[PDB]
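Position 111 of the sequence shown, counted from 1, bears residue number 111 in the deposited numbering, the numbering being contiguous throughout. To start, the structure under review is shown below, and the notes come after it.
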Amino acid sequence: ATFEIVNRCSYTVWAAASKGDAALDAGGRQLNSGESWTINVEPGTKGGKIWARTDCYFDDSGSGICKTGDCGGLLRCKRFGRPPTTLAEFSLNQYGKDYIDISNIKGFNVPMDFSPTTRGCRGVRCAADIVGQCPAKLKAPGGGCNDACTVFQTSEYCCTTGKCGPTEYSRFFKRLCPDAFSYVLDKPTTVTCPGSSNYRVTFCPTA
Numbered sequence: 001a002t003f004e005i006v007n008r009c010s011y012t013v014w015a016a017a018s019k020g021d022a023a024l025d026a027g028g029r030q031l032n033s034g035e036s037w038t039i040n041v042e043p044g045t046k047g048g049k050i051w052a053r054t055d056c057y058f059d060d061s062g063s064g065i066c067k068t069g070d071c072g073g074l075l076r077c078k079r080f081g082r083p084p085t086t087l088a089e090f091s092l093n094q095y096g097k098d099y100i101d102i103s104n105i106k107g108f109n110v111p112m113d114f115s116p117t118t119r120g121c122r123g124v125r126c127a128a129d130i131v132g133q134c135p136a137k138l139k140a141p142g143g144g145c146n147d148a149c150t151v152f153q154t155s156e157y158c159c160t161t162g163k164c165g166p167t168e169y170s171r172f173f174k175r176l177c178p179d180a181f182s183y184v185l186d187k188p189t190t191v192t193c194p195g196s197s198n199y200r201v202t203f204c205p206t207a
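Have a look at this one:
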């Protein structure tokens with residue numbers, strides 16, 4: 001499957017694509033404002049994620065640091081990124097279907113639209129000003145709005161036992177972005193697409 005990753009933000013982001021134990025395609029790239037990066041993701045990939053990283057420095061070997069979404073200091077991510085990260089999540093070719101979502105379970109850094117470019121399903125978006133409205137206790141100094149599990153490390157926020165309810169903090173994310181996951185047991189906002197669909201991920205879609 002093809003994913004076209006587009007930075008419509010006025011600022012540079014460093015896109016990342018991983019399935020947690022391996023890079024997808026090259027794993028990461030700088031995207032200046034307006035730039036597009038097309039990657040190929042192998043059919044059957046389960047548990048892939050795409051995210052943006054902000055305020056990065058990398059040396060000529062591809063090592064450095066980002067203030068949001070850092071994946072172990074690498075430009076080309078093999079692992080998932082440090083919160084806060086708005087996440088585009090997908091599993092492809094699962095018994096003939098693709099499944100996609102946006103998640104705020106690991107916080108929010110950059111607004112995002114995640115849409116198919118082929119027929120048969122709808123896209124999802126989270127584009128509200130979550131960082132500007134972020135509760136004081138969740139604000140990340142490096143930028144972004146952390147989830148409550150990252151900040152407080154309780155079984156209720158992290159859903160450690162598989163039982164948890166919505167919280168004041170999850171409701172904050174859900175009010176601003178109803179079509180993204182706000183906690184682990186949120187009513188699913190997953191979209192089912194035909195197997196082998198193609199997609200576009202757009203950062204700052206309303207910019």
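The beta-carbon is built from N, C-alpha and C at its ideal position, and this holds for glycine as well.
Exposure of residue i, with buried meaning 16 or more beta-carbon neighbours within 10 Å
i           : result
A26         : exposed
residue 253 : The structure shown has nothing for residue 253, since the chain only spans 1 to 207.
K46         : exposed
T68         : buried
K137        : exposed
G20         : exposed
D98         : buried
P83         : buried
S170        : buried
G96         : exposed
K49         : buried
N40         : exposed
Contact belief for residue i with residue j at Cβ below 8 Å, rounded distance in angstroms
i    : j    : result
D147 : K106 : 6 Å
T38  : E89  : Not really, about 19 Å apart at Cβ, beyond 8 Å.
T189 : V110 : Not confirmed; about 18 Å, so no contact.
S63  : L74  : 6 Å
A127 : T206 : 5 Å
8 Å Cβ shell around residue i - same chain, five flanking residues per side excluded
i    : result
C77  : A16, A17, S18, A23, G27, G28, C71
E156 : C164, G165, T167
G120 : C193, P194, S197
Test item: CB-CB of residue i and residue j under 9 Å
i    : j    : result
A52  : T85  : yes
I100 : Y183 : no
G34  : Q94  : no
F172 : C134 : yes
Other residues of its chain near residue i: CB distance less than 7 Å, five sequence neighbours each side excluded
i    : result
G162 : none
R122 : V191
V151 : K137, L138
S103 : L87, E89, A180, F181
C66  : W14, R53, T54, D55, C56
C9   : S33, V110, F203, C204, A207
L185 : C159, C164
Heavy atom of the ligand SAH within 8 Å of residue i beta-carbon
i    : result
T192 : The ligand content of the structure shown is nil, which means the ligand SAH is not present either.
Could you say if the region 139-155 and the region 113-129 meet the contact criterion of at least three C-beta pairs nearer than 8 Å?
Taking a cut-off of 8 Å for Cβ pairs, the region 139-155 and the region 113-129 do not touch, as fewer than three such pairs fall below it.
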